[PDB]
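First, one chain by itself: the form deposited without 8-anilino-1-naphthalene sulfonate (2AN), in structure tokens.
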């Protein structure tokens, strides 16, 4: 997990508004979150991986041990069971709640954190460059 550890600012968000409508997010939060560029910062302690998404809405902190499902409240106010494991340098995250489940697949392509947000026929592929 070493290549993840660093500060990362949003460079591109392809298909963001299509993913936000598939989940159920109203027009003012859907438009302000596309204008916002949030800073994802992955850190370490002793197996406790602290991923801090610093947005102009609510700052979400997730603390995770690689193969452990944890109950978490999101920035859109939702109880979600959150299972992230490492697949050869790839944090394959799955947040699941009452029929609806979104995958947050984070993959290093040429020093860039590619956050692939897939739900109901709308994949938002988000390029982040390293600011560390």
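Numbering follows the first chain given and starts at 1.
There is also a form deposited with 8-anilino-1-naphthalene sulfonate (2AN) bound; it is not shown, and the following applies to it.
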query: Contact of residue 85 with 8-anilino-1-naphthalene sulfonate (2AN) in the deposited bound form (heavy atom, 4.5 Å); finding: no
query: Partner proximity in the deposited bound form: residue 104 to 8-anilino-1-naphthalene sulfonate (2AN), non-hydrogen atom cutoff 4.5 Å; finding: yes
query: Contact of residue 114 with 8-anilino-1-naphthalene sulfonate (2AN) in the deposited bound form (heavy atom, 4.5 Å); finding: no
query: Partner contact for residue 58 in the deposited bound form: 8-anilino-1-naphthalene sulfonate (2AN), 4.5 angstroms, heavy atom; finding: yes
